[PDB]
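Here is the file protein-v1.cif (mmCIF, C-alpha atoms).
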```
data_target
loop_
_atom_site.label_atom_id
_atom_site.label_comp_id
_atom_site.auth_asym_id
_atom_site.auth_seq_id
_atom_site.Cartn_x
_atom_site.Cartn_y
_atom_site.Cartn_z
CA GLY A 1 -1.53 23.58 0.86
CA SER A 2 1.98 23.01 -0.47
CA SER A 3 5.40 23.16 1.19
CA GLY A 4 9.04 22.39 0.45
CA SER A 5 11.87 21.34 2.75
CA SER A 6 15.00 19.19 2.91
CA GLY A 7 14.01 16.06 4.81
CA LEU A 8 11.24 16.09 7.40
CA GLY A 9 9.88 18.15 10.29
CA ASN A 10 7.10 17.86 12.85
CA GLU A 11 5.89 14.71 11.10
CA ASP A 12 8.45 12.17 9.89
CA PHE A 13 8.10 9.24 7.50
CA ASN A 14 7.54 7.09 10.59
CA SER A 15 4.86 9.48 11.85
CA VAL A 16 2.99 9.98 8.58
CA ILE A 17 2.59 6.22 8.16
CA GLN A 18 1.60 5.76 11.81
CA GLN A 19 -0.95 8.55 11.33
CA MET A 20 -2.43 7.18 8.11
CA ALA A 21 -2.66 3.64 9.49
CA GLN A 22 -4.50 4.82 12.60
CA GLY A 23 -3.12 2.00 14.74
CA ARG A 24 -3.99 -0.51 12.03
CA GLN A 25 -1.40 -3.29 11.71
CA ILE A 26 1.12 -2.23 9.07
CA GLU A 27 2.84 -4.81 6.87
CA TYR A 28 5.73 -4.49 4.41
CA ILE A 29 4.83 -6.30 1.19
CA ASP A 30 8.05 -6.76 -0.78
CA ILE A 31 7.40 -7.57 -4.44
CA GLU A 32 10.04 -8.71 -6.93
CA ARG A 33 9.64 -6.74 -10.16
CA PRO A 34 10.00 -9.28 -13.00
CA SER A 35 11.69 -8.64 -16.34
CA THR A 36 9.20 -10.08 -18.83
CA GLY A 37 6.27 -9.52 -16.48
CA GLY A 38 4.66 -7.01 -14.16
CA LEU A 39 3.43 -6.44 -10.61
CA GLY A 40 0.53 -8.70 -11.53
CA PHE A 41 -1.84 -6.52 -9.52
CA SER A 42 -3.94 -3.38 -10.00
CA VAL A 43 -4.81 -0.37 -7.85
CA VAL A 44 -7.86 1.84 -7.29
CA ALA A 45 -7.98 5.56 -6.52
CA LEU A 46 -10.51 6.72 -3.92
CA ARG A 47 -10.40 10.18 -2.35
CA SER A 48 -10.20 9.85 1.43
CA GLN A 49 -12.09 11.88 4.04
CA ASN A 50 -9.18 12.92 6.26
CA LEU A 51 -8.11 15.63 3.81
CA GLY A 52 -7.52 16.35 0.13
CA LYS A 53 -5.91 13.00 -0.64
CA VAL A 54 -6.36 9.65 -2.39
CA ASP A 55 -6.34 6.16 -0.87
CA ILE A 56 -4.72 3.56 -3.12
CA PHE A 57 -6.05 0.02 -2.70
CA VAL A 58 -4.74 -3.19 -4.25
CA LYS A 59 -7.41 -4.65 -6.53
CA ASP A 60 -7.45 -7.54 -9.00
CA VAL A 61 -4.69 -9.45 -7.21
CA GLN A 62 -3.98 -12.01 -9.93
CA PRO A 63 -3.90 -15.20 -7.81
CA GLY A 64 -0.84 -16.84 -9.32
CA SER A 65 1.48 -14.02 -10.38
CA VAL A 66 4.60 -12.84 -8.55
CA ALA A 67 2.38 -10.77 -6.26
CA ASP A 68 1.13 -14.13 -4.98
CA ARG A 69 3.38 -16.98 -6.10
CA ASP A 70 6.15 -14.78 -4.69
CA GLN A 71 4.71 -12.25 -2.24
CA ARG A 72 1.61 -12.50 -0.05
CA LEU A 73 0.00 -9.21 -1.10
CA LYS A 74 -3.66 -9.28 -0.09
CA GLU A 75 -6.57 -7.50 -1.78
CA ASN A 76 -8.11 -4.28 -0.46
CA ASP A 77 -4.74 -3.34 1.04
CA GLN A 78 -4.50 0.43 1.45
CA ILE A 79 -0.98 1.35 0.36
CA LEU A 80 0.46 3.88 2.81
CA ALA A 81 3.91 4.17 1.23
CA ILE A 82 5.66 2.88 -1.89
CA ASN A 83 9.43 2.43 -1.97
CA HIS A 84 10.00 4.65 1.06
CA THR A 85 7.42 7.24 0.00
CA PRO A 86 4.03 7.83 1.68
CA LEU A 87 1.05 8.72 -0.51
CA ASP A 88 -0.15 11.29 2.02
CA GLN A 89 -2.06 14.40 0.95
CA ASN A 90 1.30 15.45 -0.49
CA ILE A 91 1.29 12.76 -3.18
CA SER A 92 -1.85 12.20 -5.26
CA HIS A 93 -3.26 8.95 -6.63
CA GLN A 94 -1.45 9.38 -9.94
CA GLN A 95 2.02 9.79 -8.45
CA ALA A 96 1.43 6.60 -6.47
CA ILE A 97 0.80 4.65 -9.68
CA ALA A 98 4.01 5.98 -11.23
CA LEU A 99 6.26 4.80 -8.40
CA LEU A 100 4.96 1.35 -9.35
CA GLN A 101 5.09 1.54 -13.15
CA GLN A 102 8.55 3.03 -12.59
CA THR A 103 10.17 1.23 -9.66
CA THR A 104 12.05 -1.68 -11.23
CA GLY A 105 13.73 -4.77 -9.81
CA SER A 106 12.34 -4.50 -6.29
CA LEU A 107 9.00 -2.92 -5.36
CA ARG A 108 8.07 -2.46 -1.70
CA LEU A 109 4.56 -1.60 -0.51
CA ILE A 110 3.56 -0.71 3.05
CA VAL A 111 -0.12 -1.54 3.49
CA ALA A 112 -2.29 -1.53 6.62
CA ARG A 113 -4.74 -4.11 7.96
CA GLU A 114 -7.60 -4.00 10.46
CA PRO A 115 -7.25 -6.07 13.66
CA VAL A 116 -9.65 -8.77 14.86
CA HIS A 117 -12.55 -8.17 17.24
CA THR A 118 -15.18 -10.73 18.22
CA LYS A 119 -15.31 -11.45 14.49
CA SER A 120 -14.58 -15.18 14.25
CA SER A 121 -14.19 -15.15 10.47
CA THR A 122 -14.33 -18.78 9.33
CA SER A 123 -11.23 -19.44 7.23
CA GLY A 124 -9.64 -22.73 6.21
CA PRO A 125 -7.11 -24.01 3.65
CA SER A 126 -8.56 -25.87 0.66
CA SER A 127 -6.60 -28.49 -1.27
CA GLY A 128 -7.25 -29.69 -4.81
#
```
For this file, write the structure as structure tokens.
Amino acid sequence: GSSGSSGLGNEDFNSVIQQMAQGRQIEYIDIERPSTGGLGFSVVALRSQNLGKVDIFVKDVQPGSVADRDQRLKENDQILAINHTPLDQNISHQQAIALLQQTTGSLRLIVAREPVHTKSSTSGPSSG
């Protein structure tokens, strides 16, 4: 369905994000939009199950570009909102991409991450 209002109602920007994350730890990845460069990362569109919507995930995180050398954007990071705008059922996968290809100077991305649970994922820093 479609609706139009001035602001928010039952569900606010803080609620929508908290609902899409599902408790998952949310992180604000602030990226500095370069002048002679780009985000340095790609995104994938995958229709979710919750409801007519698309889940944008950060793929091909060029390990060395601003996204990294500058920010700490991780791969497979489901973007909940972009520049103060959630990609809920309201916004499709396309719109999400625009906000990026459009948003200049500063580009914020609120992604979620799954917590730890008797996982014990072996991870260590490698020098070379």
What's the 8 Å shell around stretch 46-55 of chain A, counting all atoms listed in the file, without same-chain residues fewer than 2 positions away, as a short mmCIF file (atom, residue, chain, number, x, y, z; two decimals) with C-alpha atoms, in the coordinates of the input?
```
data_model
loop_
_atom_site.label_atom_id
_atom_site.label_comp_id
_atom_site.auth_asym_id
_atom_site.auth_seq_id
_atom_site.Cartn_x
_atom_site.Cartn_y
_atom_site.Cartn_z
CA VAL A 44 -7.86 1.84 -7.29
CA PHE A 57 -6.05 0.02 -2.70
CA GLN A 78 -4.50 0.43 1.45
CA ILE A 79 -0.98 1.35 0.36
CA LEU A 87 1.05 8.72 -0.51
CA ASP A 88 -0.15 11.29 2.02
CA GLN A 89 -2.06 14.40 0.95
CA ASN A 90 1.30 15.45 -0.49
CA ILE A 91 1.29 12.76 -3.18
CA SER A 92 -1.85 12.20 -5.26
CA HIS A 93 -3.26 8.95 -6.63
#
```
Inset, instruction - Point out the residue among A:58, A:67, A:43, A:31 with the least atom-to-atom distance to residue A:103, counting all atoms listed in the file. - result: A:31
Inset, instruction - Would you write out, as JSON, numbers by chain, every residue that the PyMOL selection byres ((chain A and resi 32-37) around 12) captures in this file? - result: {"A": [29, 30, 31, 38, 39, 40, 41, 65, 66, 67, 68, 69, 70, 71, 72, 73, 100, 101, 102, 103, 104, 105, 106, 107, 108, 109]}
Give me a file of those residues, with C-alpha atoms, as a short mmCIF file (atom, residue, chain, number, x, y, z; two decimals), in the coordinates of the input.
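So result.cif came out as:
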```cif
data_model
loop_
_atom_site.label_atom_id
_atom_site.label_comp_id
_atom_site.auth_asym_id
_atom_site.auth_seq_id
_atom_site.Cartn_x
_atom_site.Cartn_y
_atom_site.Cartn_z
CA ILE A 29 4.83 -6.30 1.19
CA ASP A 30 8.05 -6.76 -0.78
CA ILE A 31 7.40 -7.57 -4.44
CA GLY A 38 4.66 -7.01 -14.16
CA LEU A 39 3.43 -6.44 -10.61
CA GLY A 40 0.53 -8.70 -11.53
CA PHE A 41 -1.84 -6.52 -9.52
CA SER A 65 1.48 -14.02 -10.38
CA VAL A 66 4.60 -12.84 -8.55
CA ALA A 67 2.38 -10.77 -6.26
CA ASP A 68 1.13 -14.13 -4.98
CA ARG A 69 3.38 -16.98 -6.10
CA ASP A 70 6.15 -14.78 -4.69
CA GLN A 71 4.71 -12.25 -2.24
CA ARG A 72 1.61 -12.50 -0.05
CA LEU A 73 0.00 -9.21 -1.10
CA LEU A 100 4.96 1.35 -9.35
CA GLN A 101 5.09 1.54 -13.15
CA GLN A 102 8.55 3.03 -12.59
CA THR A 103 10.17 1.23 -9.66
CA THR A 104 12.05 -1.68 -11.23
CA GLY A 105 13.73 -4.77 -9.81
CA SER A 106 12.34 -4.50 -6.29
CA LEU A 107 9.00 -2.92 -5.36
CA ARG A 108 8.07 -2.46 -1.70
CA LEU A 109 4.56 -1.60 -0.51
#
```
Inset, instruction - May I ask which of the residues A:84, A:122, A:127, A:97 is the closest one to residue A:12, counting all atoms listed in the file? - result: A:84
Legend entry - Top pick for closest residue to residue A:19, considering A:61, A:112, A:56, A:45 and counting only C-alpha atoms: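 Of the candidates, the smallest distance to residue A:19 is held by A:112.
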Inset, instruction - Just the residues within 8 Å of residue A:81, please, counting only C-alpha atoms, with nothing from its chain fewer than 4 positions along; format it as a PyMOL selection string. - result: chain A and resi 17+85-87+109-111
As AutoDock Vina command-line options, please report the centre and edge lengths, rounded to one decimal in Å, of the axis-aligned box that holds all listed atoms of stretch 48-62 of chain A with 5 Å of padding on each of the six sides.
```
--center_x -8.0 --center_y 2.2 --center_z -1.8 --size_x 18.1 --size_y 38.4 --size_z 26.2
```
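Atom CA of residue A:22 lies 14.7 Å from atom CA of residue A:116.
The residue that comes closest to residue A:42, out of A:96, A:24, A:16, A:83 and on the basis of only C-alpha atoms, is A:96.
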Legend entry - Atomic separation - atom CA of residue A:21 relative to atom CA of residue A:59, Å: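 If I compute the distance from atom CA of residue A:59 to atom CA of residue A:21, I get 18.7 Å.
With only C-alpha atoms as the atoms that count, the minimum distance from residue A:27 to the choices A:128, A:82, A:94, A:1 is reached by A:82.
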Inset, instruction - Please measure the separation of atom CA of residue A:64 and atom CA of residue A:25, giving the value in Å to one decimal. - result: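 Separation of atom CA of residue A:64 and atom CA of residue A:25: 25.0 Å.
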